[PDB]
Amino acid sequence: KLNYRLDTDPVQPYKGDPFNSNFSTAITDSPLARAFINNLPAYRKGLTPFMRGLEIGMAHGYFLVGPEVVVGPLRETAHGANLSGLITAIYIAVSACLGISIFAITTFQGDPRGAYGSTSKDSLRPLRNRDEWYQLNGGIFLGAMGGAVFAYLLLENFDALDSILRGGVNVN
Amino acid sequence: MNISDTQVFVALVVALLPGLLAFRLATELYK
Amino acid sequence: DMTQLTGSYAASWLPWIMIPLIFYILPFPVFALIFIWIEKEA
Amino acid sequence: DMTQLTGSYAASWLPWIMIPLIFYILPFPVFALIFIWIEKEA
Amino acid sequence: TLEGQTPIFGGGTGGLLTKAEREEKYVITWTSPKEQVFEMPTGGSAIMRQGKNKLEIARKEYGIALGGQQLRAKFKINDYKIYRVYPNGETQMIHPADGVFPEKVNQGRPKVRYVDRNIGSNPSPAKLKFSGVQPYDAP
Amino acid sequence: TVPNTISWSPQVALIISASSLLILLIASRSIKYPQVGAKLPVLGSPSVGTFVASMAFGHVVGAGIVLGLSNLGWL
Amino acid sequence: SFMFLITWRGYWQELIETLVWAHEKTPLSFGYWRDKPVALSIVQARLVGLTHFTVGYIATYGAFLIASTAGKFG
Amino acid sequence: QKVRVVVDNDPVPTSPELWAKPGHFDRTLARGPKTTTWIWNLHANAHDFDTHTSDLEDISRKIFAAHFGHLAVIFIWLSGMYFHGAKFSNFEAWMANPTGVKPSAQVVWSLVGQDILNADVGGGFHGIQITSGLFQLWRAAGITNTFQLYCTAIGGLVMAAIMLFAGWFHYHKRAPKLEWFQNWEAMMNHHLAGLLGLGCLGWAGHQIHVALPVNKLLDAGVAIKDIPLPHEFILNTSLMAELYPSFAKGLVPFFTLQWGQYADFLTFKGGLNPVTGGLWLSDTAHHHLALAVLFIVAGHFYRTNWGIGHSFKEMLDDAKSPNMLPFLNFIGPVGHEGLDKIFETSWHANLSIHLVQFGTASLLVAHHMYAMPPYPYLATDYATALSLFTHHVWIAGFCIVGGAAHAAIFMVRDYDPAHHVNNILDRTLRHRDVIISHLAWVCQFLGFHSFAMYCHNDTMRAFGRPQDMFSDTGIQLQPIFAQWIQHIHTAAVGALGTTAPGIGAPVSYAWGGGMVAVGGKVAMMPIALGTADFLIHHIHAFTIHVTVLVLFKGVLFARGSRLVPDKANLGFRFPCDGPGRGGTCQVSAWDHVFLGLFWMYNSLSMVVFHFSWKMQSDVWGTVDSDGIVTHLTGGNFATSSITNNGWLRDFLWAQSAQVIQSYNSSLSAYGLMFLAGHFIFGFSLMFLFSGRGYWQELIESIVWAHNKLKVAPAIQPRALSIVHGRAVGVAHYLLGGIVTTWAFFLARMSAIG
Amino acid sequence: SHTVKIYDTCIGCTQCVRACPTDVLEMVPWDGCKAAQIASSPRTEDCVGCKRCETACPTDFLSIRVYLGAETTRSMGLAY
Ligand code: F6C
Ligand code: CLA
Ligand code: CLA
Ligand code: CLA
Ligand code: CLA
Ligand code: CLA
Ligand SMILES: CC1=C(/C=C/C(C)=C/C=C/C(C)=C/C=C/C=C(C)/C=C/C=C(C)/C=C/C2=C(C)CCCC2(C)C)C(C)(C)CCC1
Ligand SMILES: CC1=C(/C=C/C(C)=C/C=C/C(C)=C/C=C/C=C(C)/C=C/C=C(C)/C=C/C2=C(C)CCCC2(C)C)C(C)(C)CCC1
Ligand SMILES: CC1=C(C/C=C(\C)CCC[C@H](C)CCC[C@H](C)CCCC(C)C)C(=O)c2ccccc2C1=O
Ligand SMILES: [Ca+2]
């Protein structure tokens with residue numbers, strides 16, 4: 001007389017284990033969600049840790065310049081606004097990379113505690129070695145600096161780019 | 001008097017609905 | 001003036017960014033996705 | 001003029017650099033030092 | 001290895017976490033006379049099977065709560081056992097420790113942490129300064 | 001402007017009588033529990049509860065139709 | 001300070017447990033606590049709440065004492 | 001046959017023996033007191049009927065009888081308002097000059113100088129200016145003299161006695177069986193068509209035949225004595241036809257479906273009456289008439305005894321996958337199946353839902369009555385308008401907290417895991433960490449992006465950098481979606497084009513369409529929304545979401561958590577599970593209600609503060625002959641409310657002048673109560689910040705002194721329990737804070753309103 | 001770990017053992033009381049410090065005392 005009706009349940013236990021504190025939902029287990037998340041540079045199969053950090057830093061440093069350019073305290077002048085946005089991205093990224101370094105220093109002593117231990121099976125935290133974290137950190141810093149400067153150069157030359165993207169450079 | 005900025009933005013958001021449904025149909029046909 | 005691309009229509013900045021996006025920004029990443037799709041081992 | 005921070009005292013360039021150093025340049029490295037100190041395995 | 005069939009459960013958010021895979025985990029096994037609905041210690045309802053069941057739980061208190069307040073008190077099931085499982089695979093049965101429930105006196109059990117006096121005769125802390133001995137641990 | 005309402009005429013009687021009759025044909029053969037309670041041909045032999053329900057709903061739907069038509073100049 | 005003094009520990013420990021679950025199940029969050037996050041102890045909460053209460057007590061009155069006297073005099 | 005009346009005859013003898021047996025309802029309390037904790041437990045468990053007995057049928061009978069007792073209390077209170085408005089009021093003087101007389105219905109005796117509180121309220125009368133809006137309500141009902149109020153006062157007392165006899169009768173003489181209480185379909189049919197439907201129809205009859213004729217004459221300017229009594233409009237049909245020609249046709253247009261003839265007294269105007277500033281009584285008559293038909297039709301939805309109708313069980317058992325919408329199938333293959341068991345046995349679950357919907361109803365009452373003032377001379381009576389909004393906002397907040405409280409009681413006591421196997425209730429509990437973690441995150445996002453931007457504004461303003469502030473003149477945060485709705489609703493009536501052509505005036509002038517003035521004061525005008533309104537509305541979003549977080553965590557974790565897995569066995573209301581596990585203080589669902597009460601107070605205080613300041617700044621004021629409006633606070637909301645220094649200075653400090661300077665005047669009572677509220681708030685902090693262990697030890701030394709003098713009581717003095725100290729602390733805290741705001745609001749409005 | 005001590009005033013009512021939510025206590029043979037048994041705490045490593053045992057103890061003063069000590073993962077009641 002008891003019918004759990006699990007066989008016809010739209011939401012299943014995650015990965016077939018009902019006692020792993022997770023559900024099989026559209027966000028966690030749909031084919032598109034898995035394809036997108038598992039192919040981000042943090043999870044893409046076969047990537048070296050440095051190459052993971054390079055792509056992550058490139059994307060994050062690029063967009064971190066923007067907020068202070070538009071609503072920052074130097075927004076009244078274009079040249080000052082761009083510099084403040086570049087410095088803000090540099091300061092944030094260097095602070096993050098410093099935190100990543102001290103994370104690697106403190107986490108990987110003996111057998112790491114928590115999700116980075118030898119017997120841990122955290123599929124969402126696959127960087128299990130201290131060397132991988134330092135290689136990732138090098139890519140994060142260099143990518144963030146390059147992405148921030150790339151946004152800085154485009155914003156600094158915005159008058160040239162605006163003429164470029166309108167064909168105004170074809171007058172002469 | 002052509003359409004306004006709000007109408008263009010509304011059409012862009014509305015077009016997302018057939019965009020997501022086209023993806024759902026394309027993947028379903030791929031099965 | 002007729003020395004630049006302009007638009008009197010609403011949100012004329014949209015072609016300013018959408019033409020580069022579809023035609024020479026996104027297509028190479030799109031080709032990369034298709035190339036990965038058609039080369040995946042069984 | 002009263003549009004900028006200035007100093008009529010000697011070496012008024014000292015607050016120009018010491019305030020950034022103590023308050024938003026060195027404190028994060030100092031926190032990193034303390035964090036490493038309080039997390040070291042026995 | 002621990003044998004038994006897991007109760008019918010569709011999944012929940014109160015299950016095991018990283019601690020189960022890193023430090024320790026607990027398993028409670030019991031035999032039921034019929035298929036019936038019980039309450040999971042961390043929320044939700046599960047269906048225990050006809051035969052012998054096996055449930056993985058994050059803390060030892062979950063097993064004592066489930067076995068003591070539900071299996072014994074409500075379902076009249078008195079054969080539940082709690083095991084501690086380590087990541088290396090070592091499994092030890094911890095409840096009931098000697099096969100007899102603790103509330104029932106059993107021969108051969110020694111007195112542990114027994115103080116041969118009433119609690120009002122504990123020495124003052126001033127007498128035990130710099131010795132490292134607490135008043136309740138004093139002879 | 002106030003929506004137009006027409007004086008009583010055989011057309012409004014026809015609409016209400018027809019709406020009640022169509023509902024009687026449908027309800028006696030479509031609702032979940034007809035033939036419940038005291039009994040009253042082509043109909044499925046509806047009960048007194050089903051019949052009163054159909055006539056009451058015929059007044060509700062009929063009034064909506066006649067008011068809607070008169071509002072719009074016969075729609 | 002009223003938060004530390006009125007609300008007590010067990011409420012926050014249960015809330016922290018929920019945040020612990022969220023962190024473990026969120027992708028791209030590579031950080032992980034070396035020290036397990038727990039709610040402040042019962043005694044610690046009284047001390048922390050008393051510190052905020054005292055600091056707010058001194059700061060509020062000190063600002064009022066200086067401003068109400070210096071604003072009306074030298 | 002299924003729906004029937006089954007009762008028991010004389011189930012409980014009517015004897016006063018148990019009156020002399022305090023605590024008889026509880027087994028523990030029946031033995032008598034040994035400590036003073038027994039006294040508190042007696043009052044705490046007085047109305048916890050499900051702990052008196054486990055018989056659901058006996059519990060339900062107690063609910064039914066006690067509800068008649070509460071109805072008797074309300075009728076006595078209503079009779080008091082009508083009697084005091086007929087014996088100790090200036091109601092007749094106010095009816096002649098509504099715009100120049102302050103309503104007053106309370107008069108104090110002269111013994112200790114308290115007669116100074118008899119204010120000069122106009123009309124040659126001395127008394128306390130009331131802010132309940134009784135006069136405006138009575139005028140809209142057609143009442144014109146104190147004799148009619150006196151008759152209603154007597155009728156209220158008679159109804160109170162009838163209610164009291166009904167409770168005694170239906171508990172001691174004829175108590176219905178449990179099967180009677182479980183007729184969901186019959187109860188809904190009778191309460192939809194028979195209570196809401198017939199009441200709307202009956203009040204529509206009163207409005208059409210009494211309220212509209214009397215109010216039409218009043219708004220035309222005729223004297224009170226020249227207006228005929230309400231029954232004259234029923235007997236002499238010639239009078240009623242002069243006011244509205246369509247009554248010359250009698251009932252013929254109604255039965256012939258020619259209702260357009262009735263358009264002269266069932267109007268659809270919208271807007272406000274220019275003479276009085278309230279809604280058109282003809283508009284409300286057609287509103288209530290449409291409600292009566294809609295409710296009565298709704299009262300034939302459920303299947304009782306004749307096959308026709310919908311069944312609650314069939315509807316609930318069908319709402320599950322795959323019968324749902326394709327994007328709504330996540331509720332699982334069981335869905336709402338099994339929820340019917342909740343409503344068969346759990347009174348607390350129904351009380352949870354119903355208290356929530358009184359919070360919803362009272363919130364709608366607060367918002368919709370200021371923007372669409374339904375009574376004559378209500379909008380321009382600023383003291384009454386502020387009091388009515390504030391009162392009903394506060395009532396809603398307590399009801400909402402009560403709904404969450406009894407939802408937790410249901411989970412601890414009435415919830416049965418066997419009834420909920422993979423259904424929506426079971427699934428909600430199984431992803432409670434998902435819900436609470438996301439709710440915790442959005443609370444932090446809202447707190448950072450609502451309150452911390454106020455701190456940003458304070459720092460920018462202090463720096464002398466107004467251009468960097470979040471303001472209309474700096475970094476703008478325009479509430480474009482709310483502005484768009486105002487434009488849509490204004491263009492709907494003709495003031496997404498004309499989507500409501502039938503309404504002439506704007507539905508509410510708060511959205512636009514013009515300004516209405518009555519006695520040289522603004523009744524309603526467009527309420528523009530800018531950056532300051534964007535910030536304050538997201539303050540409301542933040543505070544509400546946190547109050548939800550506190551209460552909803554308590555309900556979802558009432559059974560237990562990862563910390564204490566067996567809280568359900570510990571009960572709904574227990575102090576803790578000891579200092580172990582690091583400390584488990586206030587884990588029970590009861591302390592989540594206790595903590596949620598503070599957050600409801602904090603949230604609602606800013607709601608009534610937002611209302612009070614915005615209305616004084618941008619709506620209320622005086623209109624000169626040229627149509628120029630000077631507001632009560634001169635439009636300072638836009639620039640001063642964007643910082644909490646502006647709230648501290650321009651709202652709390654500036655607007656408290658009336659209450660702070662009310663000594664030696666008729667408003668001195670508000671000044672005294674202003675300090676009284678401050679005292680109780682500080683007094684409550686003693687209970688909240690301390691613990692009973694200290695107080696019990698202190699009582700030990702005090703008991704020693706009484707023992708030394710042979711005067712120690714037999715009932716041993718005990719410190720309040722841990723839960724009791726929390727209950728006392730929160731009760732005095734909310735009482736002190738609310739009384740402080742009450743005196744602050746009323747003193748200012750009784751002076752400048 | 002917490003320290004749980006049992007004193008000679010124990011009457012062997014087994015109420016502390018039944019109240020323990022983590023099975024720290026067991027009843028062992030004894031001769032100091034009529035019940036011929038006394039509470040023991042062999043598994044104090046599993047003690048969380050809830051003091052349910054002290055609440056259940058009927059003697060005056062308590063025959064069982066819990067002294068909160070060094071905090072471990074299982075003494076803090078942590079499932080993570
Ligand atoms: C380390 C690492 C890490 C990570 C990664 O890796 C993380 C992540 C996550 C995710 C998942 C999420 C989402 C995010 C957000 O939005 O929020 C946040 C924000 C932020 C900003 C956070 C932060 C981030 C990071 C930290 C970064 C860092 C960097 C820097 C810069 C460094 C610097 C250094 C120097 C030396 C100073 C979360 C969260 C949460 N948190 Mg969590 N984290 C962590 C840390 C931490 C700590 C320490 C604490 C204590 C304070 C907490 C807290 C908290 C709370 C309360 C909550 C909530 O509510 C949320 C949630 O759950 O939802 C749902 N948490 N996080
Ligand atoms: C049309 C029929 C009808 C009406 C009007 C009501 C009305 C009411 N019921 Mg009710 N009930 C009904 C049928 C009806 N019931 C049936 C058939 C059942 C069985 C399924 C129940 C079972 C039931 C329960 C179990 C409970 C109620 C309760 C209530 C009260 C809710 C409180 C409220 O809103 O105050 C409304 C305030 C008023 C002043 C309304 C008037 C009150 C009097 C008694 C109504 C007299 C109307 C009568 C026709 C005389 C009219 C005179 C004149 C107009 C001609 C309310 C008085 C609750 C309550 O409080 O009980 C006391 C409650 O617990 N009812
Ligand atoms: C229709 C509304 C309604 C009903 C029928 C109930 C019914 C019940 N509630 Mg409940 N509740 C409600 C609304 C309601 N509540 C609301 C709105 C809230 C939010 C504040 C609560 C919060 C609440 C809690 C937190 C608890 C209950 C409990 C209970 C149960 C026992 C009643 C009790 O303890 O006696 C009441 C006895 C008292 C001594 C209270 C009187 C003291 C009040 C607080 C003082 C009020 C101050 C006064 C108005 C102003 C100042 C006065 C002046 C002299 C200074 C009972 C089933 C208790 C329970 O065990 O449930 C199973 C419980 O723990 N309720
Ligand atoms: C304890 C004494 C003390 C205190 C509270 C301050 C306070 C301040 N100094 Mg200062 N200063 C001091 C002694 C002190 N001074 C001495 C002795 C010297 C001569 C070497 C200076 C030279 C100095 C310069 C050149 C400047 C300041 C400035 C400032 C201001 C910003 C802080 C800063 O940049 O520090 C800078 C601090 C130093 C360069 C050296 C400080 C040396 C003292 C002795 C260290 C004291 C350590 C303390 C006792 C240990 C704390 C223990 C902990 C538990 C609290 C602030 C008002 C800045 C200013 O005026 O901004 C407007 C600035 O540019 N100070
Ligand atoms: C939608 C319902 C509704 C609305 C908008 C009104 C509106 C009005 N009524 Mg009215 N009334 C109603 C229902 C309603 N009534 C019912 C059901 C009865 C009894 C059967 C009455 C009896 C009544 C009397 C006796 C009097 C009024 C008066 C008035 C006017 C004064 C303002 C007021 O009452 O606050 C407006 C109220 C609201 C904005 C909301 C409250 C309405 C209910 C509680 C909403 C319930 C919705 C709920 C939260 C959702 C339920 C859950 C859902 C699943 C269904 C105003 C025009 C007075 C007057 O003279 O008019 C000028 C007056 O004397 N009314
Ligand atoms: C003004 C006093 C105050 C403040 C600031 C808070 C703040 C908070 N309470 Mg809280 N509380 C208070 C009084 C206060 N409470 C009182 C009196 C009670 C008793 C009833 C409670 C009861 C209570 C409960 C029951 C709950 C909270 C919750 C929360 C959090 C809500 C999330 C949020 O807003 O994140 C944003 C954070 C803020 C708005 C805090 C101010 C941040 C400032 C403005 C910016 C700081 C800038 C920068 C970071 C500074 C760094 C400098 C460096 C040197 C340190 C937050 C930490 C809830 C929670 O934890 O949910 C997540 C919750 O459940 N509180
Ligand atoms: C999910 C999704 C989405 C989102 C997205 C995003 C979020 C994006 C972003 C993006 C980004 C954010 C990007 C960025 C990028 C970047 C880049 C591309 C960069 C580059 C750089 C460079 C190239 C550099 C260079 C350099 C160096 C290295 C050194 C020297 C100098 C220089 C500058 C040369 C959407 C909603 C849409 C839709 C749905 C889905
Ligand atoms: C909300 C609230 C309130 C209230 C209010 C009011 C004012 C209400 C009202 C209500 C009402 C106002 C109701 C009514 C009802 C009615 C009814 C219920 C009726 C019935 C009727 C009938 C039943 C009839 C019958 C008949 C006869 C007798 C003869 C002929 C036939 C016929 C059938 C017609 C208060 C403030 C107090 C409190 C708080 C809350
Ligand atoms: C003050 C306080 C006490 C002490 C309060 C007690 C013991 C209650 C005292 C109630 C008294 C006896 C009620 C009567 C007081 C009236 C003012 C007496 C009127 C006398 C007339 C002649 C006027 C606690 O017990 C407590 C417990 C837990 C947390 C906080 C606290 C806490 O803060
Ligand atoms: Ca060129």
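In each ligand, atom 1 is the first atom listed, and ligand 1 is the first ligand listed. Chain identifiers are assigned alphabetically (A, B, ...) following the order of the sequence lines, protein sequences preceding nucleic acid strands; residue numbering begins at 1 within each chain. Both backbone and side-chain heavy atoms feed into the values below; hydrogens, waters and symmetry mates do not.
- In this structure, atom 54 (C) of ligand 5 has its sub-4.0 angstrom surroundings free of protein heavy atoms.
- Below 30°, between 30° and 60°, or above 60°: for A:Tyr116 and A:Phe103 the angle between ring planes is above 60°, a perpendicular geometry.
- H:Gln207 and H:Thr284 share a side-chain donor-acceptor pair at under 3.5 Å.
- With a 4.0 Å heavy-atom cut-off, ligand 1 is reached by no atom of G:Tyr32.
- Less than 4.0 angstrom separates atom 25 (C) of ligand 5 from at least one non-hydrogen atom of the protein.
- In this structure a side-chain-to-backbone donor-acceptor pair under 3.5 Å is present from H:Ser450 to H:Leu446.
- Comparing G:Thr18, G:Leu19, D:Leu33 by heavy-atom distance to atom 61 (C) of ligand 1, the nearest is G:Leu19.
- Looking only at heavy atoms of the protein, atom 11 (C) of ligand 1 is closest to G:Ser29 OG, 3.1 Å.
- In this structure a side-chain-to-backbone donor-acceptor pair under 3.5 Å is missing from H:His209 to H:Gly205.
- Distance remark: protein heavy atom present below 4.0 angstrom from atom 14 (C) of ligand 7.
- Protein heavy atoms are absent from the space less than 4.0 angstrom from atom 7 (C) of ligand 7.
- Shortest contact from atom 46 (C) of ligand 5 to any protein heavy atom: H:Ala361 CB, 4.4 Å.
- The shell of residues lying under 4.0 angstrom from ligand 7, judged by heavy atoms, excludes A:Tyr152.
- Taking the six-membered ring where the residue is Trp, D:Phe28 and A:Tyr91 present tilted rings, their angle falling between 30° and 60°.
- Closest heavy-atom approach to atom 20 (C) of ligand 7 among the candidates A:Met58, A:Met145, A:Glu55, A:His60: A:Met58.
- Looking only at protein heavy atoms, the nearest one to atom 12 (C) of ligand 7 is A:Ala59 O, 3.7 Å.
- Contact annotation: the side chain of A:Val65 never approaches that of A:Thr88 to less than 4.5 Å [non-hydrogen atoms, C-beta and beyond].
- Look at H:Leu137 and you'll find a heavy atom under 4.0 Å from some atom of ligand 5.
- Under the 30°/60° scheme for interplanar angles, the aromatic rings of G:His23 and G:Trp33 are found to be tilted.
- Counting only heavy atoms, the protein never gets under 4.0 Å from atom 2 (C) of ligand 7.
- With a heavy-atom cut-off of 4.0 Å, A:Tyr62 touches ligand 7 through its side chain alone.
- By the criterion of a separation under 2.8 Å, the protein N/O/S atoms near atom 10 (Mg) of ligand 5 amount to H:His288 NE2.
- The heavy atom nearest to atom 27 (C) of ligand 7, out of those in A:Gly146, A:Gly61, A:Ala151, is found in A:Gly146.
- When A:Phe103, H:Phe445, D:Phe28 are checked for heavy-atom proximity to atom 35 (C) of ligand 1, D:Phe28 turns out nearest.
- The shortest N or O to N or O distance between G:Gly31 and ligand 1 is below 3.5 Å.
- An N or O contact shorter than 3.5 Å links H:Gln444 to ligand 1 by distance.
- In terms of protein heavy-atom proximity, atom 56 (C) of ligand 5 is closest to H:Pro374 CB, 4.3 Å.
- Comparing heavy-atom distances from atom 31 (C) of ligand 7 across A:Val149, A:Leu153, A:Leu40, B:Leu20 singles out A:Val149 as nearest.
- Remark: among candidates H:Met372, H:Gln357, H:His367, the nearest residue to atom 51 (C) of ligand 5 is H:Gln357, based on non-hydrogen atoms.
- Annotation: H:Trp441 places an N or O atom under 3.5 Å from an N or O atom of ligand 1; distance criterion only.
- Looking only at protein heavy atoms, the nearest one to atom 34 (C) of ligand 1 is A:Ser95 O, 3.8 Å.
- Annotation: atom 23 (C) of ligand 7 to nearest protein heavy atom, A:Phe150 CG, 4.3 Å.
- Less than 4.0 angstrom separates some heavy atom of G:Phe30 from each of these atoms of ligand 1: 6 (O).
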Quick one, H:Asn215 with H:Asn273, criterion side-chain contact (heavy atoms from CB on, under 4.5 Å). Give me CA distance, side-chain angles, the key distance, then yes/no. CA-CA 11 Å; H:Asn215 270 262; H:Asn273 190 323; over 6 Å; no
Could you walk me through whether A:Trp133 and A:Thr107 pass the side-chain contact (heavy atoms from CB on, under 4.5 Å) test, one step at a time? CA-CA 10 Å; A:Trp133 271 84; A:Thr107 294; over 6 Å; no
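- When non-hydrogen atoms are compared, ligand 5 lies under 4.0 Å from neither the backbone nor the side chain of H:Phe358.
- Atom 37 (C) of ligand 7 lies below 4.0 Å from none of the non-hydrogen atoms of the protein.
- Ligand-side atoms of ligand 1 in range of G:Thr26: 11 (C), range being under 4.0 angstrom from any heavy atom.
- Centroid-to-centroid, the aromatic rings of A:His60 and A:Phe63 come within less than 6.0 Å.
- Of the listed residues (H:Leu281, H:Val365, H:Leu192), the one carrying the non-hydrogen atom nearest atom 38 (C) of ligand 5 is H:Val365.
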With side-chain hydrogen bond (donor to acceptor under 3.5 Å, both in side chains) as the test, would you mind laying out the steps for G:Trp21 and H:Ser437 before giving the verdict? CA-CA 8 Å; G:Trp21 175 90; H:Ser437 71; over 6 Å; no
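- Nearest protein heavy-atom contact of atom 4 (C) of ligand 1 is G:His23 CE1, 3.7 Å.
- Each of the atoms 1 (C) of ligand 7 lies under 4.0 Å from some heavy atom of A:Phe36.
- The aromatic ring centroids of H:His206 and H:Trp203 lie less than 6.0 Å from each other.
- Under 4.0 Å from ligand 1, the heavy atoms of G:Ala22 that appear belong solely to its side chain.
- The shortest separation from a heavy atom of H:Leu198 to ligand 5 is not under 4.0 Å, leaving the residue out of contact.
- H:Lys216 forms no cation-pi arrangement with H:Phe265, by the criterion of a distance under 6.0 Å to the ring centre and an angle within 45° of the ring axis.
- Panel note: side chain H:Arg139, backbone H:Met95; a donor-acceptor pair is recorded below 3.5 Å.
- Of all protein heavy atoms, the one lying nearest to atom 29 (C) of ligand 1 is A:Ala96 CA, 4.3 Å.
- Of all the atoms in ligand 1, the ones that sit under 4.0 Å from a non-hydrogen atom of H:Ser437 are 64 (C).
- A donor-acceptor pair is defined here as one N or O able to donate and one able to accept, closer than 3.5 Å; no such pair exists between the side chain of H:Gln357 and the backbone of H:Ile353.
- Within 4.0 Å of atom 33 (C) of ligand 7, at least one protein heavy atom is present.
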